[PDB]
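Asker: Please find one structure pasted underneath; my questions will follow.
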Ligand SMILES: C=C(/N=C/c1c(COP(=O)(O)O)cnc(C)c1O)C(=O)O
Ligand SMILES: C=C(/N=C/c1c(COP(=O)(O)O)cnc(C)c1O)C(=O)O
Ligand code: NA
Ligand code: NA
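Chains as they are written, first to last, in the entry's author numbering: chain A, 2 to 388; chain B, 2 to 388.
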């Protein structure tokens, strides 16, 4: 209808990560990194034009209007109320994760993640010389679940100081229930663990699934937990480089901001600020339209794979626009899977093994593209699977 | 038919640092932070419109065209030849300084600066729990000069591991001679010091003074020295957030890039990349024209202050568009000077004391604005100085 979800803008010649390989091999169709193929909402494009027409591109600060936009988005969309002083802007969520690790732990101390998970989680812990504790998620009835007995064991046995939670969880697209988050929080309270809730996918919950922001679970959770999010995944504006932490606890907030300044990682670009404010101000109708398209694409993929590759195990996302595929029933190695998809099927999917050992013989599929493209990508995925 | 240096775009609705106080108090005229009031070169404005017209604002990386533009600028403007692989982009120079401190020293080790100097120098050392060694610049015949005897004493007595050099030096605008840089480099070789040369103002040398980029002084200097620079100060694009380190030594380069990744400080915004490439590709004629305006503004200020405030000691910049003013002959304290300028004169100048103890009773004046505004600011500065 009014917004364009039919035709993908041509990204070749714009130095995108997503289309980089395709620029050398034109047959390759990318469906990996979490950028969407869709045109961004028109108000953001207009805001970039308006930025140009400032004529001067000097140092700018985070305005009260931007702060209010974040406050209003969190309250309106996620029922999460806090003060403007609790917002800390950071040029990205992955930046924020390293700052959090450096601020809240010392070298050698243990940081826990639920594996398999977005690879910068494990990387950021290891490169910072913290001890990584991978709490392996169970898979039951096609969904990831937390083994709470082993999670406590992992916390206690390793003296875990910090828990990097992914909510919604990437990969898999798991939209944790309030009851799950409450159990996590109680464990953090018991064992004196600080929790960082990476909620970057929070606006992308689907099929009736509702995001529960971590500190909305219990009024005391802010004593040990902070929330990271952004407009970038929601609105396909990852190249504008802005995001935020909500840190209501004064001590945690000071410690984060201090580390951020120690790292000189405290400034954001002018368009970073503009694009986030604009997206939150005008983006809701576009987001509604987006989510309908994503649901149709996911449903199509699940049904198509059921019909054309019944042996392929498909985890239906509860949120995110990313589908976790399990090729374990096929007579392939992890490396042979990669070369089959990339070289024979000519489709670029994230290698599941990037996400941890649980990702062996998996791949991750990005369906945030026009339906015609999603149909082509799914056709390629089933085309060359071995008997 | 000509570049505009006659009128300044209105900044008041655009959340600039420079005009922030004036938004609340319309009587105040800013001349502090190093943003220019001048319109940016027209090709950058067009590049921002062109970015808007990509329609999708996803993750991008530094292109070969951008890398070549930096290489070409460094060779043509500064006679500094190196390879594309030696370039490391960082969202800002101040970011790069923290990364360098973290990468090249251990907690508790000594880092040297020449004081007084841009305040993030001292701050980045101190906040990083390194020992700060301030090598105090002499002032002789209106110019800063290094005391090489004391500099060596400072290096040896404190076991200095890292030297943060400012060239051109801010404040004061001192354009160090080749022979001065030679002697600095030789001390670093003798005492096994790593040197970071902050050359962000390298394109703004004036009155026939020529920038000498540090690693051009001797082919050996790359073994211990790296250069930081940017398009942002040269072209008035600080809000676009991109800059680079040139690190020809493989070990130093790996060290820096490693720490940058540990800190998740490795990515830059898409417009950051675009604005730098464009500025370097098209900016030379604009820069030529700017320099003539800056020299005129500086000459006006010196002459005006000479007549209207002969007791005011004015350090004439050899480069940068910033003038270091010394009010120490007046019966004022540092705090009374600030109050006088800000509350009585209604002008916002950087407090000299921000830059170190040598800046007591000083202020710094930004003349990168139309001559009419410079004239007004200078008139205000001399209106209310005490007998
Ligand atoms: C783009 C992807 N993920 C984005 C992501 C990010 C990206 O953050 P920044 O772009 O803001 O650094 C952060 N946290 C989580 C849990 C994420 O899934 C991807 O998996 O391709
Ligand atoms: C804007 C100012 N100085 C800029 C500056 C900067 C600014 O760097 P980034 O904006 O790239 O972080 C870095 N290094 C030196 C020696 C500088 O003088 C000022 O003094 O107001
Ligand atoms: Na594992
Ligand atoms: Na001092």
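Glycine included, every Cβ here is placed at the ideal spot set by N, Cα and C.
In the stretch 285-345 of chain A, which residue ranges form an unbroken alpha helix (DSSP H) of at least 4 residues, counting only runs that do not cross its ends?
Answerer: The stretch 285-345 of chain A contains these whole alpha helix (DSSP H) runs: 285-309, 335-340.
Asker: Check whether the Cβ of residue 171 of chain B lies closer than 7 Å to any heavy atom of ligand 2, and answer yes or no.
Answerer: yes
Asker: What does residue 160 of chain B pair with, by DSSP beta-bridge criteria?
Answerer: In the DSSP output, where bridge partners are listed per residue, residue 160 of chain B has none listed.
Asker: Could you name the residues of chain A that residue 96 of chain B contacts, counting a contact when the two beta carbons are closer than 7 Å?
Answerer: 265, 266
Asker: On the CB-based measure, 16 or more other CB atoms within 10 Å of its CB, does residue 56 of chain B come out buried or exposed?
Answerer: A residue is called buried when at least 16 other Cβ atoms come within 10 angstroms of its Cβ; residue 56 of chain B meets this threshold and is buried.
Asker: Which partner residues does residue 184 of chain B have in the DSSP bridge list?
Answerer: DSSP lists no partner for residue 184 of chain B.
Asker: How is the beta strand (DSSP E) around residue 363 of chain B delimited, first residue to last?
Answerer: 363-367
Asker: If you compare alpha carbons, which of A:193, A:303, A:190, A:369 is closest to residue 234 of chain A?
Answerer: A:369
Asker: Is residue 12 of chain A close to chain B, meaning its C-beta is less than 8 Å from at least one C-beta of that chain?
Answerer: yes
Asker: Ignoring anything shorter than 3 residues, give me the beta strand (DSSP E) runs that lie fully in the stretch 68-128 of chain A, in order along the chain.
Answerer: 88-91, 111-116
Asker: Would you say residue 207 of chain B and residue 319 of chain B are within 8 Å of each other, going by their C-beta atoms?
Answerer: yes
Asker: Residues in the stretch 229-246 of chain B with C-beta within 8 Å of chain A's C-beta atoms, listed in sequence order?
Answerer: 237, 238, 239, 240, 241, 242
Asker: State buried or exposed for residue 334 of chain A, treating a residue as buried only when at least 16 other CB atoms are found within 10 Å of its CB.
Answerer: exposed
Asker: Please determine, among B:191, B:231, B:181, the residue with the shortest C-alpha to C-alpha distance to residue 1 of chain B.
Answerer: Because residue 1 of chain B is not part of the residues shown, which for chain B are 2 to 388, the question remains open.
Asker: Residue 255 of chain B: buried (16+ other C-beta within 10 angstroms of its C-beta) or exposed?
Answerer: When all chains shown are included, residue 255 of chain B counts as exposed.
Asker: Say the cut is 7 Å; is the CB of residue 202 of chain A nearer than that to a heavy atom of ligand 1?
Answerer: yes
Asker: Would you kindly work out how many angstroms separate the C-alpha atoms of residue 137 of chain B and residue 150 of chain B, rounded to a whole number?
Answerer: 12 Å
Asker: Counting only beta-carbon separations shorter than 8 Å, does residue 283 of chain A have a partner in chain B?
Answerer: No, residue 283 of chain A does not count as interfacial toward chain B.
Asker: Could you check what DSSP says for residue 212 of chain A in three-state terms: helix, strand or coil?
Answerer: coil
Asker: Please tell me whether residue 3 of chain A and residue 12 of chain A are closer than 8 Å, where the distance is taken between their beta carbons.
Answerer: no
Asker: Residue range of the beta strand (DSSP E) that residue 238 of chain A falls in?
Answerer: It is not in any beta strand (DSSP E) - residue 238 of chain A carries neither H nor E in the DSSP assignment.
Asker: For a contact defined as C-beta to C-beta under 7 Å, what are the partners of residue 128 of chain B on chain A?
Answerer: 262, 263
Asker: Would you kindly report the start and end of the unbroken beta strand (DSSP E) that includes residue 53 of chain A?
Answerer: First-last for residue 53 of chain A: 43-53, but that is the alpha helix (DSSP H), not the beta strand (DSSP E).
Asker: Determine the closest residue to residue 167 of chain B out of B:297, B:160, B:185, with distance taken between C-alpha atoms.
Answerer: B:185
Asker: Since residue 61 of chain B sits in a beta bridge, which residues does DSSP pair it with?
Answerer: A:17
Asker: Candidates B:135, B:278, B:90: which alpha carbon is nearest residue 111 of chain B's?
Answerer: B:135
Asker: Name the chain B residues that come within less than 8 Å of residue 322 of chain A, Cβ to Cβ?
Answerer: Ordered by position in chain B, no residue passes the 8 Å Cβ test against residue 322 of chain A, which lies about 13 Å from the chain.
Asker: For the alpha helix (DSSP H) that contains residue 4 of chain A, what are its first and last residues?
Answerer: Careful: residue 4 of chain A lies outside any alpha helix (DSSP H) and carries neither H nor E.
Asker: Note the first and the last residue of the continuous beta strand (DSSP E) segment covering residue 388 of chain A.
Answerer: Counting along the chain, residue 388 of chain A falls outside any beta strand (DSSP E), and DSSP gives it neither H nor E.
Asker: According to DSSP, simplified to helix, strand and coil, what is residue 206 of chain A?
Answerer: strand
Asker: Looking only at its own chain, which residues have a Cβ that is under 6 Å from the Cβ of residue 37 of chain B, when we skip the five neighbours before and after it?
Answerer: 237, 369
Asker: Which residues in chain B sit within 7 Å of residue 331 of chain A, going by Cβ to Cβ distance?
Answerer: Ordered by position in chain B, no residue passes the 7 Å Cβ test against residue 331 of chain A, which lies about 31 Å from the chain.
Asker: Could you tell me which residues DSSP puts in a beta bridge with residue 351 of chain B?
Answerer: Answer is B:365, bridged to residue 351 of chain B.
Asker: Rounded to whole angstroms, what's the CA-CA distance from residue 30 of chain B to residue 263 of chain B? Just pull it up for me.
Answerer: 42 Å
Asker: Is residue 372 of chain B closer than 8 Å to residue 297 of chain B when the C-beta atoms are compared?
Answerer: yes
Asker: Flag residue 186 of chain A as yes when its Cβ comes closer than 7 Å to any non-hydrogen atom of ligand 3, and as no otherwise.
Answerer: no
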